[PDB]
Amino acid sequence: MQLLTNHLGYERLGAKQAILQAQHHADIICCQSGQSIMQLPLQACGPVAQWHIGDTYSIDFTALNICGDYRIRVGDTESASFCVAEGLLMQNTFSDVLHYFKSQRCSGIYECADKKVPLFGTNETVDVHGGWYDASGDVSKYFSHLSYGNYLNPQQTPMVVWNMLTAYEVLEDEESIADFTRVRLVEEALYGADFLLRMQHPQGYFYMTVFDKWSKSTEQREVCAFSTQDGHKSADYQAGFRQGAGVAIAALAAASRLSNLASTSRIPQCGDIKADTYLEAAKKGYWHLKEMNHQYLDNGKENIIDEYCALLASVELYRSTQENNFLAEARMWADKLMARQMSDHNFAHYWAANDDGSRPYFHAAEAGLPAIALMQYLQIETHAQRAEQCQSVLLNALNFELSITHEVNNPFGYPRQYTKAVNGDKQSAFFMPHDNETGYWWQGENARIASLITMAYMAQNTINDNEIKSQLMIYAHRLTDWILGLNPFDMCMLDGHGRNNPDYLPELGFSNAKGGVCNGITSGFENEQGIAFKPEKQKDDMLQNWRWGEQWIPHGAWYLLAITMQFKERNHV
């Protein structure tokens, strides 16, 4: 039998469980004595989908409120030791994820090459140095990619920056966060914001990618978009709202406001932050996309991803300018995003990706974003009726994530999703579909998991329904547990913490970095009702094995925001 727990441990006042794999009671042992301090019943959870992990039982020990080190015991079997602590993830992992970012900054020969990279199909070159390498196996740099699939665009570099700046603001009133940490976090954020600036063309649009076809060659780097697993380059590099640009604009607009925060004056200075520069860039970008967005989209049509990205842009632009103009912009985008919530014979209030909702929204990087954008909007909406209607849509959407996760046996509380394959029907699932508009792409979903963690914690301060708040706290903690080793693989996917950290291709020089997070677990390669991580048939196949162990900066960035929102809410009675 096997006892599975969060490898690091549990937030002191958080929801707490362990999962037993076996063929009637558990004890909690205080490590100090080795004596049982609480007895708990086993709750059978039965079989999951076609995971074939056998029988499972959950052990609920939420009532354990007292800090220290502990183990779970069932019969002759014991879990590994874990910690119960206030601010546990913030205290133990936040610094390491910052060092991860700093370790992944574009530098050396790549930085040298990016000061003069060719623009695809032209003989011009541009200075786009800065930012971060995208992945443990990829020194390219991205606003987004998968644009040709239309519904799959992940927010990549700009999301890192918006998440870091968002975390910086949440931590501003935290007395226990040191100013040296603020120096480190705002440095990483503004380093990213400086890259966003360089990625902006004088007409106002942003470049989508600096892409080397995965070759690691300096001469091959080029500003472009690309398609397919073979990385066919194209001149379609103007980034539309859903292609990283709306988040970039939101990020620049938030950067422009750092002056409003007391820490900004207080910490050591060298010259002044570039505030007007960031604000002016974000405005120019925003208005240029209001005119041009359609022409930059692969199918010429805006979808839910444009509308959430543009809602963040317009919300941050309103916050930084206080101009009614941007609040009208935000209201318009909120209304379009709200109209994506729909109902059908399977689900009430799912998210639609397209206009008639025959294609559900699902998203392996950022499925919490529709809700997070409505919550950022609610922080600015002073009109009582607009606020109430929006709160109803938000509450529906939070109930949808909880209803779908709880629809089937799910001891791990893996966040479920409503999906559709290109040649399949709408159905609920644990993991994204393998047969999708890209024709190849799917991978572990840690960033999506951390985005839904961030949404569940952000709801705590936004919604009014205590019972939903309380279900969301539980949901957020089981999501967090999964990333940190409470999963069928007993595998902590935050490198440097916990046990069984997976690598990528260290034998080829492509080692995962401490502080980073990997793609993670997917469905089976042959069986989509299954579960897999580096399955034996494909584990050595370089065309496939990146789907599991490779690190990718959005997982890190979403994780960093997730734990910061957990820290904000850690005293939530």
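So that there is no doubt, residue numbering starts at 1 and follows the sequence shown.
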Q: Select one of none, 1 to 3, 4 to 9, or 10 or more to describe the deposited residues without coordinates separating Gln23 and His24.
A: 4 to 9
Q: Between 196-204 and 343-351, name whichever shows the higher mean Cα B factor according to the PDB entry.
A: 343-351
Q: Name the higher of the two by mean Cα B-factor in the PDB entry, 491-499 versus 425-433.
A: 425-433
Q | Residue with maximal Cα B-factor (values as given in the PDB entry) among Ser140, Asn325, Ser136, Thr454 | A | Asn325
Q. If you check the C-alpha B-factor for each of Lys102, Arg416, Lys336, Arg448 in the entry, which is highest?
A. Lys336
Q) Going by the entry, which third of its chain does the Cα temperature factor of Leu13 land in? A) middle
Q: Would you check the entry's CA temperature factor for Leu311 and let me know if it's in the chain's lowest, middle or highest third?
A: middle
Q. C-alpha B factor of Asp114, ranked within the chain: lowest, middle or highest third?
A. lowest
Q: Sorting the chain's modelled residues by C-alpha B-factor, tell me whether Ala239 ends up in the lowest, middle or highest third.
A: middle
Q) What third of its chain, lowest, middle or highest, does the C-alpha temperature factor of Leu508 fall into? A) middle
